[PDB]
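Comments concern the structure below.
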Amino acid sequence: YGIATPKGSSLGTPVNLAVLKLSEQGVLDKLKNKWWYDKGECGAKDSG
Amino acid sequence: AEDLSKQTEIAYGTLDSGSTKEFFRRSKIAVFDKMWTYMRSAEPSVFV
Amino acid sequence: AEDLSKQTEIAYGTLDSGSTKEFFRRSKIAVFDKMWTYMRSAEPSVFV
Amino acid sequence: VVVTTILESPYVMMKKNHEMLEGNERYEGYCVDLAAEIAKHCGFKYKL
Ligand SMILES: N[C@@H](Cn1oc(=O)[nH]c1=O)C(=O)O
Ligand SMILES: N[C@@H](Cn1oc(=O)[nH]c1=O)C(=O)O
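Residue numbers (the deposited numbering), protein chains in the order written: chain W, 732 to 779; chain L, 636 to 683; chain B, 636 to 683; chain R, 395 to 442.
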């Protein structure tokens, strides 16, 4: 999964640097663990 | 409450306005946090 | 890994220096975080 | 900067009062919040 930039976009370099800065802070990961798991209310444990 | 928060078979409601509901709002214990994410996520409303 | 991280019967080790150990160091997924808190808490050392 | 996003949970979701809120306030989700952390740093106005 990647950010789609048009061929010759001015936002080809700053978006790619924004990709790195969110990753270096783990902010990509701290969004993923938050949104999937506060919504995970039917955790598979409950039917088991 | 650890046996409460780990099973979603049972619903958890408190009063519409009181010292109990506000206690779980400003709480930051992980067990107490996970309950308040459930108390807000009420379909239908758990509160009375 | 969810069935890994929820049971401490099994031990989890990786290489002493490589891309796998460092992947769980800078990770911030909650399942991946809880493993790295266990990987550091190794008596004896899980790593090889 | 016109941001095209497709309508699919959990990446782009509809707010509860989606007829009431418009534009950026209408849309919630993961790619929405991903757009906000990028456009904060890369300084561009984003329209969803
Ligand atoms: N009296 C309490 C309210 N309350 O009523 C209950 O039945 N539980 C409870 O916390 C307060 O001062 O807010
Ligand atoms: N080749 C890997 C190291 N590695 O060896 C394994 O057996 N697993 C593993 O991640 C690297 O480039 O760090």
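Here a beta-carbon is modelled for each residue, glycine too, at the ideal position from N, C-alpha and C.
{"Asked": "Per DSSP, what are the beta-bridge partners of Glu402 (chain R) in this structure?", "Found": "R:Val406"}
{"Asked": "Indicate, with yes or no, if ligand 2 has a heavy atom lying under 8 Å from the CB of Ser662 (chain B).", "Found": "no"}
{"Asked": "Please classify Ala429 (chain R) as buried or exposed, where buried requires at least 16 neighbouring CB atoms within 10 angstroms.", "Found": "buried"}
{"Asked": "Give the interface partners of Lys761 (chain W) over in chain R, defined as CB-CB distance under 8 Å, in chain order.", "Found": "Ordered by position in chain R, no residue passes the 8 Å Cβ test against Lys761 (chain W), which lies about 11 Å from the chain."}
{"Asked": "Considering only heavy atoms of ligand 1 and the C-beta of each residue, which residues fall inside 6 Å, strictly closer?", "Found": "L:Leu650, L:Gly653, L:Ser654, L:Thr655"}
{"Asked": "Applying the 10 Å Cβ sphere with the 16-neighbour rule, what's the burial state of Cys425 (chain R)?", "Found": "buried"}
{"Asked": "Distance, Cα to Cα, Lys410 (chain R) vs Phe659 (chain B)?", "Found": "37 Å"}
{"Asked": "Classify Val746 (chain W): buried if its beta carbon has 16 or more other beta carbons within 10 angstroms, exposed otherwise.", "Found": "buried"}
{"Asked": "What span of residues does the alpha helix (DSSP H) with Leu650 (chain L) cover, start to end?", "Found": "Taken as a continuous stretch (DSSP letters only), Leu650 (chain L) belongs to no alpha helix (DSSP H), as it is neither H nor E."}
{"Asked": "For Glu637 (chain B), does the three-state DSSP call read helix, strand or coil?", "Found": "helix"}
{"Asked": "For the stretch 742-758 of chain W, enumerate the residues whose C-beta is nearer than 7 Å to any C-beta of chain R, in chain order.", "Found": "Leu742, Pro745, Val746, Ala749, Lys752, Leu753, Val758"}
{"Asked": "Quick one: what does DSSP say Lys656 (chain L) is sitting in, helix, strand or coil?", "Found": "helix"}
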